[PDB]
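Participant: Below is one structure. I have some questions about it.
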Amino acid sequence: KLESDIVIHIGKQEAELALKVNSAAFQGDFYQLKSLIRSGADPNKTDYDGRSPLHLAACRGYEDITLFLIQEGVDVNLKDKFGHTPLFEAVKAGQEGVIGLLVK
Amino acid sequence: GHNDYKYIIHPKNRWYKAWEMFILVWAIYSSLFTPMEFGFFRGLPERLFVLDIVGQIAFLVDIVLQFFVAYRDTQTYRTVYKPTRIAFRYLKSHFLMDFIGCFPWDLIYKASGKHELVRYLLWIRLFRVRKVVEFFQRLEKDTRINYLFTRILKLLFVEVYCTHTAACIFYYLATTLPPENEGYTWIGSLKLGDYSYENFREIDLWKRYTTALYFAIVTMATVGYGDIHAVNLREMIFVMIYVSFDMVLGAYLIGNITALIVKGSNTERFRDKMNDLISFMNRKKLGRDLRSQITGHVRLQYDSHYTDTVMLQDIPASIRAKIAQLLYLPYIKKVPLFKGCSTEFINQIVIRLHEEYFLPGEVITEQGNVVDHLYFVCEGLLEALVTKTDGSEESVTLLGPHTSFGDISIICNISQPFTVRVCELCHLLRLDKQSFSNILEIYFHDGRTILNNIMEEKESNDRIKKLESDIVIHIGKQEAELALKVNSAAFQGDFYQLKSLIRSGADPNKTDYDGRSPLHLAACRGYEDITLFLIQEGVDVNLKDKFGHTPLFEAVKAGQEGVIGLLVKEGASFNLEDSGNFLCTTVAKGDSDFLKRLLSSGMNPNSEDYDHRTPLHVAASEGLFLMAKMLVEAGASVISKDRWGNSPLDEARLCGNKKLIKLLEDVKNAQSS
């Protein structure tokens with residue numbers, strides 16, 4: 001019965017993980033993110049708006065978080081549900097270093 | 001299992017305890033009389049004929065009862081109550097010796113022609129002293145009496161028995177020699193004072209026993225007056241054996257007493273510390289008040305019994321938890337930080353707690369030190385101060401009893417703000433940061449209720465109002481995470497759960513990292529029930545998201561005409577930046593359905609693009625008669641002209657679409673009027 005409750009609870013919990021991964025890519029908690037990569041959902045798993053945390057890392061400028069996502073191999077060309085690759089938010093936000101990383 | 005087989009007596013049953021105290025008296029008498037009746041009586045006189053018989057009967061019943069009393073196992077540690085199991089314990093452990101002792105050995109000796117070797121079996125009754133051994137073992141368990149004190153008392157009883165038996169054996173050895181050679185015995189040549197023990201077999205039993213026991217006792221302490229001494233060779237040999245064994249026994253007595261004095265020093269440790277510490281004060285001439293403070297601390301070390309709080313680390317987690325639930329729980333209720341939360345959350349705070357005691361004047365937490373423990377002042381007063389750049393300390397609001405300090409720093413995960421000082425003896429209950437953190441993660445609703453209590457506690461003390469800004473940073477982090485949960489629910493379908501969260505305090509106008517109120521997500525998903533509920537919560541129909549869209553934008557994206565009409569009844573209107581130019585881009589897309597839902601929301605009839613072309617221009621040039629007619633229905637005028645002065649009618653005429661040409665011709669010619 002508990003297993004059946006967690007059949008849905010773990011799905012919701014995975015959703016929370018993806019949102020938290022984006023949050024940590026939006027607050028700046030790198031160390032938590034390094035732990036969470038092996039202790040939580042992956043950046044490939046998208047949120048409600050289908051936005052990988054690489055899009056946020058383009059906005060914020062957490063190029064070290066960006067480099068961790070690069071190590072994971074998460075598609076740098078993975079668009080959001082707004083049909084826009086993280087490169088666009090890199091250019092829009094004006095993070096020239098992040099722009100350089102995604103050009104690399 | 002005690003019902004399974006009846007007549008069984010519990011090991012510590014009341015009536016069995018009374019019988020134990022009775023058979024203990026009988027065992028003491030039997031073990032202290034067997035040597036007497038052996039040595040001083042070559043055949044027990046009939047005067048005591050009753051008293052021996054009843055004695056054996058007293059143990060005979062005990063041979064039966066021990067076949068029914070249960071015994072606590074040493075393997076499962078559980079009392080086993082089965083006569084099949086119970087009987088074996090006796091039959092193996094001690095039944096043989098007790099049964100041999102219970103025979104009428106004196107009568108058998110008198111019924112076998114007075115053979116002394118039969119009387120030697122009387123010494124089997126000395127094994128009844130195992131009852132006294134059991135009594136002493138049980139008394140050792142009692143915390144009433146010290147273990148080492150019980151040891152020394154046991155050794156004293158061992159000396160009592162050994163001297164009594166030694167005196168009896170000594171007199172018996174005197175009797176083994178024939179009466180005519182009684183002058184060669186130790187007693188038959190005794191001439192104490194003017195009394196010669198010449199016919200020593202006819203002297204009163206008590207005079208003979210007192211002489212023999214006098215010898216035994218004076219040799220027990222090795223006084224060795226010499227008035228009574230061994231004369232025979234049997235007497236010499238027995239005195240050597242007794243003396244050697246008693247040397248060992250007396251050495252053990254001295255060892256037990258010395259160990260009791262050395263190890264068993266409780267307040268003497270405080271006294272020893274006082275010795276050299278008073279030497280310290282005296283050789284350094286400390287002020288009397290400061291001397292009093294130091295002595296107060298040392299007495300406090302033995303008066304706070306922190307060791308009595310350290311032991312709890314050894315008691316297992318659950319039982320310690322219930323100790324906390326019975327002691328720290330009132331102190332926990334007294335905390336204004338918790339105040340009204342779920343009883344389960346309060347109970348979990350209760351479970352993981354580490355009571356501590358501190359000293360007046362000594363400081364507890366230091367400024368700039370990362371908070372590692374969450375302290376509650378339960379009985380005491382506490383005052384924090386902050387050293388400034390010049391160095392002077394900043395007095396803060398005092399922390400009197402039934403308060404919680406350091407909590408704000410833990411909540412913000414920041415170092416301790418002020419160096420806090422212990423004004424006097426305080427019952428500082430402690431909670432580790434990690435334990436509190438996990439408890440908060442499990443009880444998130446209680447956690448937010450604490451957050452409310454926290455804001456109130458912030459305005460309560462202005463010195464924490466010096467850190468309200470950082471606390472507000474933490475509050476904003478909590479609100480952002482909460483908006484994340486609200487949006488995630490709007491994407492999952494947890495309608496009632498997200499309603500409950502909004503009831504909890506969740507503003508649906510809270511913006512997430514995507515900055516789109518959950519109305520956008522409910523619209524794009526199509527949870528029209530959730531969209532309607534958010535409508536009742538007064539979410540603005542067309543909030544602009546970080547991406548510059550409305551909730552109804554997302555609805556029209558997926559074309560949730562249910563949600564689209566739902567927001568239309570609320571007066572749905574994109575009112576987006578360049579919504580008419582976005583319609584130029586939509587005619588570029590060519591999505592007539594997307595366009596129909598947009599123009600049903602009616603954001604803009606027509607607007608010139610960077611080519612100064614209304615969407616009607618684009619549709620007319622493209623030959624998109626359906627889109628162009630639908631735009632005209634929206635209000636797209638045909639008199640508008642592009643950058644090159646061409647109306648949509650001109651574009652349609654260029655295209656050559658008969659229906660579109662006729663439509664735009666008639667509409668624009670009418671529009672001219």
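Just so we're on the same page: first chain in the structure tokens is A, next is B, and so on; residues restart at 1 for each chain, and ligands are numbered from 1 in the order they show up.
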Quick one: residues within 12 Å of residue 242 in chain B, only C-alpha atoms, excluding same-chain residues fewer than 3 positions away - as a PDB file with C-alpha atoms, in the first residue's frame?

Facilitator:
```
ATOM      1  CA  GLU B 159      35.774 -15.655  57.364  1.00  0.00           C
ATOM      2  CA  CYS B 162      35.870 -20.641  57.723  1.00  0.00           C
ATOM      3  CA  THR B 163      36.721 -19.908  61.361  1.00  0.00           C
ATOM      4  CA  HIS B 164      33.665 -21.783  62.624  1.00  0.00           C
ATOM      5  CA  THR B 165      34.481 -24.847  60.518  1.00  0.00           C
ATOM      6  CA  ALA B 166      38.168 -24.592  61.435  1.00  0.00           C
ATOM      7  CA  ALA B 167      37.371 -24.572  65.152  1.00  0.00           C
ATOM      8  CA  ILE B 169      37.680 -29.475  62.721  1.00  0.00           C
ATOM      9  CA  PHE B 170      40.326 -28.558  65.305  1.00  0.00           C
ATOM     10  CA  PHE B 215      41.729 -20.353  68.842  1.00  0.00           C
ATOM     11  CA  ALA B 216      40.118 -19.963  65.382  1.00  0.00           C
ATOM     12  CA  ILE B 217      39.382 -16.199  65.782  1.00  0.00           C
ATOM     13  CA  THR B 219      44.444 -17.175  64.360  1.00  0.00           C
ATOM     14  CA  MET B 220      42.020 -15.550  61.879  1.00  0.00           C
ATOM     15  CA  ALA B 221      43.642 -12.168  62.748  1.00  0.00           C
ATOM     16  CA  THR B 222      46.967 -14.036  63.306  1.00  0.00           C
ATOM     17  CA  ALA B 230      48.651 -27.186  67.842  1.00  0.00           C
ATOM     18  CA  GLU B 235      46.873 -30.476  64.552  1.00  0.00           C
ATOM     19  CA  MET B 236      50.081 -29.023  63.099  1.00  0.00           C
ATOM     20  CA  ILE B 237      49.060 -29.927  59.547  1.00  0.00           C
ATOM     21  CA  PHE B 238      45.561 -28.512  59.941  1.00  0.00           C
ATOM     22  CA  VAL B 239      46.920 -25.313  61.481  1.00  0.00           C
ATOM     23  CA  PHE B 245      44.273 -20.262  53.444  1.00  0.00           C
ATOM     24  CA  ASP B 246      43.480 -17.557  55.997  1.00  0.00           C
ATOM     25  CA  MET B 247      46.541 -15.589  54.902  1.00  0.00           C
ATOM     26  CA  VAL B 248      45.132 -15.648  51.377  1.00  0.00           C
ATOM     27  CA  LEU B 249      41.643 -14.787  52.642  1.00  0.00           C
ATOM     28  CA  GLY B 250      42.879 -11.895  54.790  1.00  0.00           C
TER      29      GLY B 250
END
```

Participant: Would you mind listing, for every residue of chain A within 8 Å of chain B, the two atoms forming the shortest contact and the distance between them in Å to one decimal, using only C-alpha atoms, sorted by chain and ascending residue number, as a Markdown table?

Facilitator:
```
| residue | atom | partner | partner_atom | distance |
| --- | --- | --- | --- | --- |
| A:12 | CA | B:492 | CA | 7.6 |
| A:15 | CA | B:488 | CA | 7.2 |
| A:16 | CA | B:485 | CA | 7.3 |
| A:19 | CA | B:484 | CA | 6.9 |
| A:23 | CA | B:513 | CA | 7.1 |
| A:26 | CA | B:513 | CA | 7.3 |
| A:48 | CA | B:491 | CA | 5.9 |
| A:49 | CA | B:521 | CA | 8.0 |
```

Participant: What lies within 10 Å of residue 455 in chain B using only C-alpha atoms, ignoring chain neighbours under 4 positions off, as an NGL selection string?

Facilitator: :B and (337 or 408 or 450-451 or 459-460 or 464-465 or 468 or 471-472 or 475)

Participant: Let me see the file: selected residues, N, CA and C atoms, as an mmCIF file, in the first residue's frame.

Facilitator:
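Saved file again_8.cif follows:
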```
data_model
loop_
_atom_site.group_PDB
_atom_site.id
_atom_site.type_symbol
_atom_site.label_atom_id
_atom_site.label_comp_id
_atom_site.auth_asym_id
_atom_site.auth_seq_id
_atom_site.Cartn_x
_atom_site.Cartn_y
_atom_site.Cartn_z
ATOM 1 N N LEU B 337 9.023 29.758 19.674
ATOM 2 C CA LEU B 337 9.324 29.390 18.295
ATOM 3 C C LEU B 337 8.363 28.328 17.767
ATOM 4 N N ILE B 408 17.160 31.672 14.764
ATOM 5 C CA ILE B 408 17.149 32.473 13.541
ATOM 6 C C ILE B 408 18.398 32.201 12.716
ATOM 7 N N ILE B 450 6.126 27.663 11.803
ATOM 8 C CA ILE B 450 7.303 28.233 12.443
ATOM 9 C C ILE B 450 7.753 29.494 11.735
ATOM 10 N N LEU B 451 7.688 29.534 10.406
ATOM 11 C CA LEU B 451 8.125 30.743 9.709
ATOM 12 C C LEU B 451 7.300 31.957 10.139
ATOM 13 N N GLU B 459 10.145 40.655 14.894
ATOM 14 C CA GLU B 459 9.736 41.960 15.414
ATOM 15 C C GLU B 459 9.785 41.998 16.937
ATOM 16 N N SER B 460 9.752 40.835 17.594
ATOM 17 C CA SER B 460 9.790 40.809 19.052
ATOM 18 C C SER B 460 11.065 41.446 19.596
ATOM 19 N N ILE B 464 17.310 41.041 16.576
ATOM 20 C CA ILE B 464 17.022 40.166 15.446
ATOM 21 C C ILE B 464 16.436 40.978 14.291
ATOM 22 N N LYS B 465 15.856 42.147 14.582
ATOM 23 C CA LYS B 465 15.465 43.034 13.494
ATOM 24 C C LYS B 465 16.669 43.616 12.769
ATOM 25 N N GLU B 468 16.666 40.950 10.187
ATOM 26 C CA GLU B 468 15.435 40.720 9.427
ATOM 27 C C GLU B 468 15.669 40.683 7.923
ATOM 28 N N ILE B 471 16.871 37.270 7.165
ATOM 29 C CA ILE B 471 15.725 36.397 7.400
ATOM 30 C C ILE B 471 14.736 36.502 6.245
ATOM 31 N N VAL B 472 14.571 37.703 5.689
ATOM 32 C CA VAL B 472 13.669 37.910 4.561
ATOM 33 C C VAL B 472 14.226 37.255 3.306
ATOM 34 N N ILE B 475 13.113 33.848 3.784
ATOM 35 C CA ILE B 475 11.669 33.779 3.563
ATOM 36 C C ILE B 475 11.362 33.784 2.073
#
```

Participant: Please, what distance in Å, to one decimal, runs between CA of residue 642 in chain B and CA of residue 556 in chain B?

Facilitator: 28.0 Å

Participant: Which one of A:33, A:24, A:99, A:8 sits closest to residue 61 in chain A if you count only C-alpha atoms?

Facilitator: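 Between A:33, A:24, A:99, A:8, the residue approaching residue 61 in chain A most closely is A:99.
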
Participant: Near residue 55 in chain A, counting only C-alpha atoms, which residues have an atom at most 12 Å away, once you skip same-chain residues fewer than 4 positions from it, shown as a ChimeraX atom specification?

Facilitator: /A:21-23,25-26,43-44,46-47,49-51,59-63,65-66,69,74-93,95,98-99,102 /B:513-514

Participant: Restricted to N, CA and C atoms, what would the selected residues look like written as a short mmCIF file (atom, residue, chain, number, x, y, z; two decimals), in the first residue's frame?

Facilitator:
```cif
data_model
loop_
_atom_site.label_atom_id
_atom_site.label_comp_id
_atom_site.auth_asym_id
_atom_site.auth_seq_id
_atom_site.Cartn_x
_atom_site.Cartn_y
_atom_site.Cartn_z
N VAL A 21 16.69 21.18 -9.04
CA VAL A 21 17.94 21.24 -9.86
C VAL A 21 17.97 22.62 -10.55
N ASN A 22 16.85 23.04 -11.13
CA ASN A 22 16.77 24.37 -11.78
C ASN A 22 16.98 25.46 -10.72
N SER A 23 16.31 25.32 -9.57
CA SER A 23 16.46 26.32 -8.48
C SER A 23 17.94 26.49 -8.13
N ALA A 25 20.44 25.84 -9.91
CA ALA A 25 21.01 26.57 -11.04
C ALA A 25 20.50 28.00 -11.12
N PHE A 26 19.61 28.40 -10.22
CA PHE A 26 19.06 29.75 -10.20
C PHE A 26 19.33 30.49 -8.89
N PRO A 43 19.56 16.94 -15.25
CA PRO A 43 19.12 18.11 -16.02
C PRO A 43 18.31 17.76 -17.26
N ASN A 44 18.53 16.58 -17.84
CA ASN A 44 17.75 16.16 -19.00
C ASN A 44 16.26 16.11 -18.67
N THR A 46 13.04 17.52 -17.64
CA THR A 46 12.60 18.90 -17.76
C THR A 46 11.46 19.20 -16.79
N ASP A 47 11.15 20.49 -16.65
CA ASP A 47 10.09 20.91 -15.69
C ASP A 47 8.74 21.03 -16.41
N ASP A 49 7.49 23.66 -17.84
CA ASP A 49 7.71 24.41 -19.11
C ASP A 49 8.83 23.76 -19.92
N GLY A 50 9.20 22.53 -19.58
CA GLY A 50 10.19 21.80 -20.36
C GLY A 50 11.53 22.49 -20.46
N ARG A 51 11.95 23.14 -19.36
CA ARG A 51 13.19 23.95 -19.41
C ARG A 51 14.31 23.29 -18.59
N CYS A 59 21.07 32.17 -18.19
CA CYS A 59 20.60 33.45 -17.66
C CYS A 59 21.47 33.94 -16.49
N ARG A 60 21.69 33.08 -15.50
CA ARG A 60 22.38 33.44 -14.27
C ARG A 60 23.86 33.72 -14.51
N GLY A 61 24.51 32.87 -15.30
CA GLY A 61 25.95 32.94 -15.45
C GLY A 61 26.73 31.98 -14.59
N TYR A 62 26.08 30.95 -14.03
CA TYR A 62 26.77 29.93 -13.23
C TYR A 62 27.53 28.99 -14.18
N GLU A 63 28.62 29.52 -14.74
CA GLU A 63 29.39 28.78 -15.72
C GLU A 63 30.03 27.53 -15.14
N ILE A 65 28.40 25.63 -12.76
CA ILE A 65 27.23 24.77 -12.90
C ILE A 65 27.04 24.37 -14.36
N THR A 66 27.21 25.32 -15.27
CA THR A 66 27.12 25.02 -16.70
C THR A 66 28.13 23.95 -17.09
N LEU A 69 26.93 20.57 -16.01
CA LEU A 69 25.94 20.06 -16.95
C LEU A 69 26.60 19.60 -18.24
N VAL A 74 24.36 16.77 -20.97
CA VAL A 74 23.03 17.27 -21.28
C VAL A 74 23.09 18.15 -22.52
N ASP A 75 22.17 17.91 -23.45
CA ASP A 75 22.20 18.58 -24.74
C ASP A 75 22.21 20.09 -24.58
N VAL A 76 23.29 20.72 -25.05
CA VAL A 76 23.36 22.18 -25.04
C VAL A 76 22.40 22.78 -26.05
N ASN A 77 21.91 21.97 -26.99
CA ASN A 77 20.92 22.40 -27.96
C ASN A 77 19.50 22.01 -27.57
N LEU A 78 19.31 21.39 -26.40
CA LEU A 78 17.97 21.07 -25.93
C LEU A 78 17.17 22.33 -25.68
N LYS A 79 16.15 22.56 -26.51
CA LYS A 79 15.32 23.75 -26.36
C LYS A 79 14.36 23.58 -25.19
N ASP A 80 13.80 24.71 -24.76
CA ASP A 80 12.68 24.67 -23.84
C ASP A 80 11.38 24.45 -24.61
N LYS A 81 10.28 24.28 -23.87
CA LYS A 81 8.99 24.20 -24.53
C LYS A 81 8.61 25.52 -25.20
N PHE A 82 9.41 26.56 -24.95
CA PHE A 82 9.21 27.85 -25.65
C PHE A 82 10.00 27.80 -26.95
N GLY A 83 10.49 26.60 -27.33
CA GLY A 83 11.18 26.41 -28.59
C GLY A 83 12.44 27.23 -28.74
N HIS A 84 13.29 27.26 -27.71
CA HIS A 84 14.44 28.16 -27.70
C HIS A 84 15.60 27.47 -26.99
N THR A 85 16.71 27.28 -27.70
CA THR A 85 17.87 26.64 -27.10
C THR A 85 18.52 27.56 -26.07
N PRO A 86 19.23 26.99 -25.07
CA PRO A 86 19.82 27.81 -24.00
C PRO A 86 20.75 28.90 -24.52
N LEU A 87 21.25 28.71 -25.74
CA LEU A 87 22.06 29.73 -26.39
C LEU A 87 21.30 31.05 -26.49
N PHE A 88 19.99 30.99 -26.73
CA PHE A 88 19.22 32.22 -26.86
C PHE A 88 19.23 33.00 -25.55
N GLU A 89 18.97 32.32 -24.42
CA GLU A 89 18.97 33.02 -23.14
C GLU A 89 20.38 33.44 -22.75
N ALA A 90 21.40 32.71 -23.19
CA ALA A 90 22.76 33.17 -23.00
C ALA A 90 22.98 34.52 -23.69
N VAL A 91 22.51 34.65 -24.93
CA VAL A 91 22.70 35.90 -25.67
C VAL A 91 21.80 37.01 -25.11
N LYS A 92 20.53 36.69 -24.85
CA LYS A 92 19.59 37.66 -24.29
C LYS A 92 20.05 38.19 -22.94
N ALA A 93 20.41 37.29 -22.03
CA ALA A 93 20.89 37.70 -20.72
C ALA A 93 22.21 38.44 -20.80
N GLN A 95 25.31 37.09 -20.97
CA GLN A 95 26.39 36.41 -20.27
C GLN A 95 27.42 35.96 -21.30
N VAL A 98 29.17 32.74 -20.67
CA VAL A 98 28.28 31.61 -20.92
C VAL A 98 28.05 31.44 -22.42
N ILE A 99 27.89 32.55 -23.14
CA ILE A 99 27.79 32.49 -24.60
C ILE A 99 29.00 31.77 -25.17
N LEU A 102 28.76 27.88 -24.47
CA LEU A 102 27.87 27.17 -25.39
C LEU A 102 28.34 27.25 -26.84
N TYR B 513 10.69 30.60 -10.78
CA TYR B 513 11.93 30.93 -11.53
C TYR B 513 11.55 31.25 -12.98
N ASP B 514 10.49 30.61 -13.48
CA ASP B 514 9.99 30.91 -14.85
C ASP B 514 9.11 32.15 -14.79
#
```

Participant: Give me, please, the distance in Å between CA of residue 70 in chain B and CA of residue 82 in chain B, quoted to one decimal.

Facilitator: 7.5 Å
